[PDB]
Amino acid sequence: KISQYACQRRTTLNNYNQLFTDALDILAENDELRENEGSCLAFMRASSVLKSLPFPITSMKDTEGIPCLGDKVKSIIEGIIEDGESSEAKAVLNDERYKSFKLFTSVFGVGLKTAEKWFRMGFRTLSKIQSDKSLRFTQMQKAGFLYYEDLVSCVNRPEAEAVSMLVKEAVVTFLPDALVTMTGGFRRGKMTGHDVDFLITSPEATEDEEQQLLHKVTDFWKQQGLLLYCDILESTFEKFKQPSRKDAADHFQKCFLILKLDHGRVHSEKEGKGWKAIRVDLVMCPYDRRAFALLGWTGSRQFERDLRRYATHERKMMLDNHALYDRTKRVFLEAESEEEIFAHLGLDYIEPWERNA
């Protein structure tokens, strides 16, 4: 029996139901843009469960016993079986508000509020936005426009590995015992990503050394002429606070960067300016919380939502990126690995490449 929870499903990148899930993903994305959180959630859960199937849906009978498939979702599956396409998702793809929101948010530094503002001003193209002499842009948006073509191109694994080398070389210069792990999509087996994310932790660093590392590493890159953009978010982490009841927020020290990646550092099968701008995120966490942070930053976003929902509703536990709290035993549960977190929750271990929910 297929569980309603992504954390009780194995979701690998061999998606047999891309015809259905690409449509459901578009409808969920439109509901996010239209601020319809409820309808968004229903389409995300339906898309997620179909991504886990080991076979393609070829008739309505194949949907029997599959959870998270309400009547609205089943009508969308029925229509795709009939025609080979979703009329509902096709209408979203041709919608002017949806097209504008996709296009504008594809710029680094542009979220739902700025995209809505520009749309209501009558803007429809990035060319008209950039060349407008009255518009005022944040420093994030200026970088987003300057390096747009590079940031809109997918980061591949040879590029992610080249970035990993840079991160590790910089980090070990200041903390030689530090552990640097590539997280996000690449850890789940993806060939591409929009960014490259890393979790950094040190077993011997002090609280001050831990705080200063991202400042030292980015100053080093600034000197090297490799830092194209940098925003460091100081930690708001509280060692003894109960985990989030909320989509949980991460309170660890982190930075959102754009790095200059020289082509010579990339060992690929394959030109231009000789470098590529890459979006990189670095997260620093205390050594004892490394398993919770790793589990949170590995994703997918749906796997994280269901993990936290399962912990609350089925185990009366509170989970976030920083800790796991047992409300019955009134104790925080310790973990040296992700395997121990799964064991605490009474879940069979799901490998990172099986978390593509």
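The first residue of the sequence shown is number 1, and the count goes up from there.
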Item checked: Unresolved residue 111 in a third or more of other entries flanked by modelled residues -> no
Item checked: residue 272 left out of the model in a third or more of other PDB entries -> yes
Item checked: Count class of coordinate-free deposited residues lying between the neighbours residue 113 and residue 114 -> none
Notebook entry, point to check: What is the count, as a class, of unmodelled deposited residues between residue 270 and residue 271: none, 1 to 3, 4 to 9, or 10 or more?
Noted result: 4 to 9
Next item on the list: Could you settle it for me: does 62-70 or 32-40 have the higher average Cα B factor in the PDB entry?
Entry: 32-40
Check: Which wins on mean Cα temperature factor, 135-143 or 233-241?
Finding: 233-241
Note to self: Highest Cα temperature factor in the entry, among the options 279, 222, 188, 124: which one is it?
What the structure shows: 222
Margin query: Sorting 262, 197, 161, 150 by Cα temperature factor from the record, which one lands on top?
Written below: 262
Next item on the list: Place residue 101 in the lowest, middle or highest third of its chain's C-alpha B-factors, as listed in the PDB entry.
Entry: middle
Margin query: Splitting the chain's C-alpha B-factors into thirds, which one does residue 331 fall into?
Written below: highest
Checklist line | Where the record places residue 51 (Cα B-factor, split into thirds across the chain) | finding: lowest
Check: Hey, what third does residue 306 fall into on Cα B-factor, ranked over its chain?
Finding: middle
Item checked: For residue 76, the third of its chain into which the C-alpha B factor falls -> lowest
